[PDB]
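J.: Structure incoming, see below.
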Amino acid sequence: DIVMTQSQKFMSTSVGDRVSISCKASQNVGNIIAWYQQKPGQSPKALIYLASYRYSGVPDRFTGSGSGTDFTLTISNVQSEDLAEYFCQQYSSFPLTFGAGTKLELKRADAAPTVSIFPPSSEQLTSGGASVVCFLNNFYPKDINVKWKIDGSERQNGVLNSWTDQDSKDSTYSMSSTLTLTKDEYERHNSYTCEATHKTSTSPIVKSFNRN
Amino acid sequence: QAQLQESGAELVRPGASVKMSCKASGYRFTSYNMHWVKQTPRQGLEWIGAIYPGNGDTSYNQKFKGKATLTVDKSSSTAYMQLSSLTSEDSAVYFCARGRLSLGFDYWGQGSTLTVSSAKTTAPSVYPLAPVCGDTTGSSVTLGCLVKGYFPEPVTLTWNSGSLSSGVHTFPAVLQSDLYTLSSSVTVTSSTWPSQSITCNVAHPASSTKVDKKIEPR
């Protein structure tokens, strides 16, 4: 199989800048590669075919280049609508293969996360459950690490995380982390902590509490 | 003028078998190959196979051989893809697309979402999230709502019936052990809560449920 490689999962840029997304084929496929753009909850949209041709109706700021194995998609004078995910594809020989895609995100100034932790509710405890929740809102870059520590020990089992897309209003990122235990287990420990490491701080941000 | 009309979402339990459709219009159906692609956050876009509606010939990606079967109905310009022995691994979005020998996939359907779960419709449990001991350091405070144990999607969530639209973050739902759990936080001024009541309104149409959970100080 011909492997298509897009080394950068994410790329940061600004409106008016020029970006170049790379894509490499494990074998020489001449100019039989295409580029597709895709936005949240939508289907792929054809932008480039035959390595450098633009489909009818595509902005001229979009340009494709390369031949053989090294290809690239360049977007000069970037626009807000251009912010999306880009996939390259070789349709030279079966099985047809796509790259892993590259997400284009708006660049913005660094922002530390606002962290807040919450204990299990009475309602959930009555049902025999216990979830501890941690919110880490409006931070940037998107890279961040969250850890849970029960009475000093890190706990990785029973944790579920959810991340939001880059906010269209302030270009920041938010995350939610929930640790779920059984009521019995919850009432078996005392110290619960949410620890986050982020570019904006040398030391981790710590939010915790003790049962009762 | 070309248009690919895919069938709607599907919900089935493991071992089952679904048959998605892709109605074509605006061009000569038998002149182009119809391709199918699978999309998933973990595997990305994956080519499944292609069918030439002209004679019915097909090509399959080894990886989906035995999993997917492609056919067409020439008279109704419709293409089909059936997936059997479904498992949670087959849960993804499936697109049909027109294949052009030299221009690649010039057209794509909207896609059909396939969710494979052994779960049955289930209303969510709405849990209030109040700050530890009702405290807050800044001139603002953050409350939240934990919507867990529901199926299927989607869920509608608002704060104070929508009056509080600013400063809210409703996180994407996560599927775990057959059920979904979503999260939502809201940030307001210290002078707002507990002073004034903050309520989490959660609706789940699939089960016809509406729940209003007020965040109480403890």
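Identifiers in the structure tokens: chain A, B, ... in order shown; residue index from 1 per chain; ligand index from 1 in order shown.
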Could you name the residues that touch region 64-77 of chain A at 6 Å or less, counting only C-alpha atoms, but leaving out those on the same chain fewer than 6 positions away, as a list in words?
T.: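 The neighbour list is residues 16, 17, 18, 19, 20, 21, 22, 23, 24, 25, 28, 29, 30, 31, 51 and 52 of chain A.
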J.: Residues of chain A near chain B: apply a cut-off of 8 Å, count only C-alpha atoms, and supply the list as an NGL selection string.
T.: :A and (32-34 or 42-46 or 49-50 or 91 or 94-101 or 116-121 or 123-124 or 135 or 160-164 or 174-176 or 209)
J.: Store the residues of this selection in a file with N, CA and C atoms, as a CSV table (one decimal), in the first residue's frame.
T.:
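Listing of result_34.csv after writing:
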chain,number,residue,atom,x,y,z
A,32,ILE,N,-0.6,12.2,-9.6
A,32,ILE,CA,-1.9,11.7,-9.3
A,32,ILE,C,-2.3,11.8,-7.9
A,33,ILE,N,-2.3,13.1,-7.4
A,33,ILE,CA,-2.7,13.3,-6.0
A,33,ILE,C,-3.7,14.4,-6.0
A,34,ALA,N,-4.5,14.4,-5.0
A,34,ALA,CA,-5.6,15.4,-4.8
A,34,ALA,C,-5.6,16.0,-3.4
A,42,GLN,N,-19.0,18.4,8.4
A,42,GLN,CA,-19.2,18.5,7.0
A,42,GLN,C,-18.4,17.4,6.2
A,43,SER,N,-18.8,17.2,5.0
A,43,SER,CA,-18.1,16.2,4.1
A,43,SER,C,-16.9,16.9,3.4
A,44,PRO,N,-15.9,16.1,3.0
A,44,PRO,CA,-14.7,16.6,2.3
A,44,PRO,C,-15.1,17.4,1.1
A,45,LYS,N,-14.3,18.4,0.8
A,45,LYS,CA,-14.5,19.3,-0.4
A,45,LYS,C,-13.3,19.2,-1.3
A,46,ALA,N,-13.4,18.9,-2.5
A,46,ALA,CA,-12.3,18.8,-3.5
A,46,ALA,C,-11.7,20.2,-3.8
A,49,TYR,N,-6.6,18.7,-7.8
A,49,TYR,CA,-6.5,17.4,-8.5
A,49,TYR,C,-5.3,17.5,-9.4
A,50,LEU,N,-4.7,16.3,-9.7
A,50,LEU,CA,-3.5,16.2,-10.6
A,50,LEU,C,-2.4,17.1,-10.0
A,91,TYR,N,-4.6,8.8,-5.9
A,91,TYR,CA,-5.7,8.0,-6.6
A,91,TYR,C,-5.1,7.3,-7.8
A,94,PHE,N,-4.8,1.2,-6.5
A,94,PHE,CA,-5.5,0.6,-5.3
A,94,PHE,C,-4.5,-0.1,-4.4
A,95,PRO,N,-4.7,-0.1,-3.1
A,95,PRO,CA,-5.9,0.7,-2.5
A,95,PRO,C,-5.7,2.2,-2.4
A,96,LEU,N,-6.7,3.0,-2.7
A,96,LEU,CA,-6.6,4.4,-2.6
A,96,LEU,C,-6.3,4.8,-1.2
A,97,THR,N,-5.4,5.7,-1.0
A,97,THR,CA,-5.0,6.1,0.4
A,97,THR,C,-5.0,7.6,0.6
A,98,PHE,N,-5.3,8.0,1.9
A,98,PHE,CA,-5.3,9.4,2.3
A,98,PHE,C,-4.3,9.7,3.4
A,99,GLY,N,-3.9,10.9,3.5
A,99,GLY,CA,-3.0,11.3,4.6
A,99,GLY,C,-3.9,11.4,5.8
A,100,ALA,N,-3.2,11.6,7.0
A,100,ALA,CA,-3.9,11.7,8.2
A,100,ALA,C,-4.6,13.1,8.4
A,101,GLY,N,-4.3,14.0,7.5
A,101,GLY,CA,-4.9,15.4,7.6
A,101,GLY,C,-4.1,16.3,8.5
A,116,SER,N,-11.1,24.8,37.6
A,116,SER,CA,-12.1,24.7,38.6
A,116,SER,C,-12.5,23.2,38.7
A,117,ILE,N,-12.5,22.7,40.0
A,117,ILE,CA,-12.8,21.4,40.3
A,117,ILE,C,-14.2,21.3,41.0
A,118,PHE,N,-14.9,20.1,40.9
A,118,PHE,CA,-16.2,19.9,41.5
A,118,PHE,C,-16.4,18.5,42.1
A,119,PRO,N,-16.9,18.4,43.3
A,119,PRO,CA,-17.1,17.1,44.0
A,119,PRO,C,-18.3,16.4,43.5
A,120,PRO,N,-18.5,15.1,43.8
A,120,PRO,CA,-19.7,14.4,43.4
A,120,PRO,C,-20.9,15.0,44.0
A,121,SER,N,-22.0,15.0,43.3
A,121,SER,CA,-23.2,15.6,43.8
A,121,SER,C,-24.0,14.6,44.8
A,123,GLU,N,-27.1,13.9,44.6
A,123,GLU,CA,-27.9,13.1,43.7
A,123,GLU,C,-27.2,11.9,43.1
A,124,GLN,N,-25.9,12.1,42.6
A,124,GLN,CA,-25.2,10.9,42.1
A,124,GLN,C,-24.7,10.0,43.2
A,135,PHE,N,-12.6,21.5,35.2
A,135,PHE,CA,-12.7,22.3,33.9
A,135,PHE,C,-11.5,23.1,33.8
A,160,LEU,N,-12.2,10.3,31.9
A,160,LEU,CA,-12.7,10.6,30.5
A,160,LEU,C,-12.6,12.0,30.2
A,161,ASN,N,-12.0,12.4,29.1
A,161,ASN,CA,-11.7,13.8,28.8
A,161,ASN,C,-12.4,14.2,27.5
A,162,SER,N,-12.8,15.5,27.4
A,162,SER,CA,-13.4,16.0,26.3
A,162,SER,C,-12.8,17.4,26.0
A,163,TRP,N,-12.5,17.7,24.8
A,163,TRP,CA,-11.9,18.9,24.3
A,163,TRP,C,-12.9,19.6,23.4
A,164,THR,N,-12.9,21.0,23.4
A,164,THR,CA,-13.8,21.7,22.5
A,164,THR,C,-12.9,22.2,21.4
A,174,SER,N,-10.7,24.9,25.4
A,174,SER,CA,-11.2,24.5,26.7
A,174,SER,C,-11.2,23.0,26.8
A,175,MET,N,-11.1,22.4,28.0
A,175,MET,CA,-11.1,21.0,28.2
A,175,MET,C,-11.9,20.6,29.5
A,176,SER,N,-12.4,19.5,29.5
A,176,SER,CA,-13.2,18.9,30.7
A,176,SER,C,-12.6,17.5,31.0
A,209,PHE,N,-9.4,19.3,46.9
A,209,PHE,CA,-10.2,19.5,48.0
A,209,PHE,C,-10.2,18.2,48.8
J.: Would you please extract all strand (DSSP E or B) residues from chain B, as assigned by DSSP on the backbone, and give them as a PyMOL selection string?
T.: chain B and resi 3-6+10-12+18-25+33-40+44-51+58-60+65+68-73+78-83+92-100+104-108+112-116+122+125-129+140-151+156-159+168-176+179-189+199-204+209-214
J.: Excluding same-chain residues fewer than 2 positions from residue 37 (chain A), what lies within 8 Å of it counting only C-alpha atoms, as a PyMOL selection string?
T.: chain A and resi 35+39+44-47+84-87
J.: Enumerate, as a list in words, the complete set of residues in region 34-172 of chain A that a backbone-based DSSP assignment places in alpha helix (DSSP H).
T.: residues 122, 123, 124, 125 and 126 of chain A
J.: Give me the residues within 8 Å of residue 83 (chain B) as a PyMOL selection string, counting only C-alpha atoms and dropping any in the same chain fewer than 6 places off.
T.: chain B and resi 17-19+67-69
J.: Could you state the separation of CA of residue 207 (chain B) and CA of residue 156 (chain B) in Å, given to one decimal place?
T.: 12.2 Å
J.: Between A:126, A:181, A:41, A:167, which is the closest to residue 113 (chain B) once you count only C-alpha atoms?
T.: A:41
J.: Looking at B:179, B:164, B:20, B:188, which one is nearest to residue 152 (chain B), with distances taken over only C-alpha atoms?
T.: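 Among the listed residues, the smallest separation from residue 152 (chain B) belongs to B:179.
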J.: Any idea what's packed within 12 Å of residue 154 (chain A), counting only C-alpha atoms, ignoring anything in its chain fewer than 6 positions away? Could you give it as a PyMOL selection string?
T.: chain A and resi 146-148+179+191-195
J.: Can I get the selected residues back with N, CA, C and O atoms, as a PDB file, in the first residue's frame?
T.:
ATOM      1  N   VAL A 146      -3.442  16.997  31.866  1.00  0.00           N
ATOM      2  CA  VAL A 146      -4.215  16.927  33.095  1.00  0.00           C
ATOM      3  C   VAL A 146      -3.975  15.612  33.811  1.00  0.00           C
ATOM      4  O   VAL A 146      -3.976  14.549  33.194  1.00  0.00           O
ATOM      5  N   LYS A 147      -3.776  15.699  35.120  1.00  0.00           N
ATOM      6  CA  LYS A 147      -3.557  14.528  35.955  1.00  0.00           C
ATOM      7  C   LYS A 147      -4.491  14.556  37.151  1.00  0.00           C
ATOM      8  O   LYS A 147      -4.847  15.616  37.646  1.00  0.00           O
ATOM      9  N   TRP A 148      -4.889  13.380  37.604  1.00  0.00           N
ATOM     10  CA  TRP A 148      -5.747  13.256  38.769  1.00  0.00           C
ATOM     11  C   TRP A 148      -4.924  12.586  39.866  1.00  0.00           C
ATOM     12  O   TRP A 148      -4.187  11.634  39.601  1.00  0.00           O
ATOM     13  N   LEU A 179     -13.330  12.163  36.519  1.00  0.00           N
ATOM     14  CA  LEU A 179     -12.838  10.936  37.128  1.00  0.00           C
ATOM     15  C   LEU A 179     -14.053  10.277  37.769  1.00  0.00           C
ATOM     16  O   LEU A 179     -14.694  10.865  38.638  1.00  0.00           O
ATOM     17  N   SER A 191      -8.231  13.091  49.867  1.00  0.00           N
ATOM     18  CA  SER A 191      -7.703  14.131  49.003  1.00  0.00           C
ATOM     19  C   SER A 191      -7.881  13.850  47.510  1.00  0.00           C
ATOM     20  O   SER A 191      -7.454  12.816  47.007  1.00  0.00           O
ATOM     21  N   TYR A 192      -8.521  14.784  46.811  1.00  0.00           N
ATOM     22  CA  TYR A 192      -8.755  14.668  45.378  1.00  0.00           C
ATOM     23  C   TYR A 192      -8.182  15.899  44.693  1.00  0.00           C
ATOM     24  O   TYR A 192      -8.519  17.024  45.043  1.00  0.00           O
ATOM     25  N   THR A 193      -7.312  15.689  43.716  1.00  0.00           N
ATOM     26  CA  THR A 193      -6.694  16.814  43.045  1.00  0.00           C
ATOM     27  C   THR A 193      -6.683  16.726  41.528  1.00  0.00           C
ATOM     28  O   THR A 193      -6.586  15.645  40.949  1.00  0.00           O
ATOM     29  N   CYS A 194      -6.779  17.897  40.909  1.00  0.00           N
ATOM     30  CA  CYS A 194      -6.748  18.061  39.467  1.00  0.00           C
ATOM     31  C   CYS A 194      -5.460  18.854  39.193  1.00  0.00           C
ATOM     32  O   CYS A 194      -5.313  19.995  39.634  1.00  0.00           O
ATOM     33  N   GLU A 195      -4.524  18.248  38.476  1.00  0.00           N
ATOM     34  CA  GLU A 195      -3.262  18.904  38.178  1.00  0.00           C
ATOM     35  C   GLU A 195      -3.100  19.107  36.673  1.00  0.00           C
ATOM     36  O   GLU A 195      -3.285  18.175  35.885  1.00  0.00           O
TER      37      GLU A 195
END
J.: Using only C-alpha atoms, which protein or nucleic acid residues come within 12 Å of residue 188 (chain A)? Drop anything in the same chain fewer than 6 positions from it, and give the result as JSON, numbers by chain.
T.: {"A": [130, 150, 151, 181, 182, 210, 211]}
J.: Those same residues - N, CA and C atoms - I'd like them written as a PDB file, in the first residue's frame.
T.:
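As a result, part.pdb now contains:
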ATOM      1  N   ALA A 130     -19.939   8.304  41.950  1.00  0.00           N
ATOM      2  CA  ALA A 130     -19.156   9.456  42.387  1.00  0.00           C
ATOM      3  C   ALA A 130     -18.209   9.930  41.292  1.00  0.00           C
ATOM      4  N   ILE A 150      -5.368  11.012  43.779  1.00  0.00           N
ATOM      5  CA  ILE A 150      -6.159  10.644  44.940  1.00  0.00           C
ATOM      6  C   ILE A 150      -5.210  10.406  46.106  1.00  0.00           C
ATOM      7  N   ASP A 151      -5.321  11.249  47.126  1.00  0.00           N
ATOM      8  CA  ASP A 151      -4.473  11.164  48.311  1.00  0.00           C
ATOM      9  C   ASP A 151      -2.991  11.095  47.959  1.00  0.00           C
ATOM     10  N   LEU A 181     -15.687   7.148  39.978  1.00  0.00           N
ATOM     11  CA  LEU A 181     -15.421   6.056  40.905  1.00  0.00           C
ATOM     12  C   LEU A 181     -16.772   5.557  41.395  1.00  0.00           C
ATOM     13  N   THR A 182     -16.762   4.558  42.272  1.00  0.00           N
ATOM     14  CA  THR A 182     -18.003   4.048  42.847  1.00  0.00           C
ATOM     15  C   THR A 182     -18.132   4.840  44.136  1.00  0.00           C
ATOM     16  N   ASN A 210     -10.720  18.230  50.046  1.00  0.00           N
ATOM     17  CA  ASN A 210     -10.770  17.056  50.903  1.00  0.00           C
ATOM     18  C   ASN A 210     -12.235  16.786  51.204  1.00  0.00           C
ATOM     19  N   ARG A 211     -12.643  15.528  51.131  1.00  0.00           N
ATOM     20  CA  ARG A 211     -14.025  15.189  51.431  1.00  0.00           C
ATOM     21  C   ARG A 211     -14.354  15.700  52.826  1.00  0.00           C
TER      22      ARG A 211
END
J.: Would you list the contacts of residue 106 (chain A) as a list in words, taking every protein, DNA or RNA residue within 6 Å and counting only C-alpha atoms, but skipping same-chain residues closer than 2 positions in sequence?
T.: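 Using only C-alpha atoms, the neighbours found are residues 12, 13 and 14 of chain A.
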J.: Would you mind telling me which residue in B:14, B:191, B:29, B:34 lies nearest to residue 138 (chain B) when using only C-alpha atoms?
T.: B:191
J.: CA of residue 205 (chain B) to CA of residue 153 (chain B): how many Å, to one decimal?
T.: 8.8 Å
J.: Which value, in Å to one decimal, gives the distance between CA of residue 212 (chain A) and CA of residue 190 (chain B)?
T.: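 So the answer is 23.2 Å.
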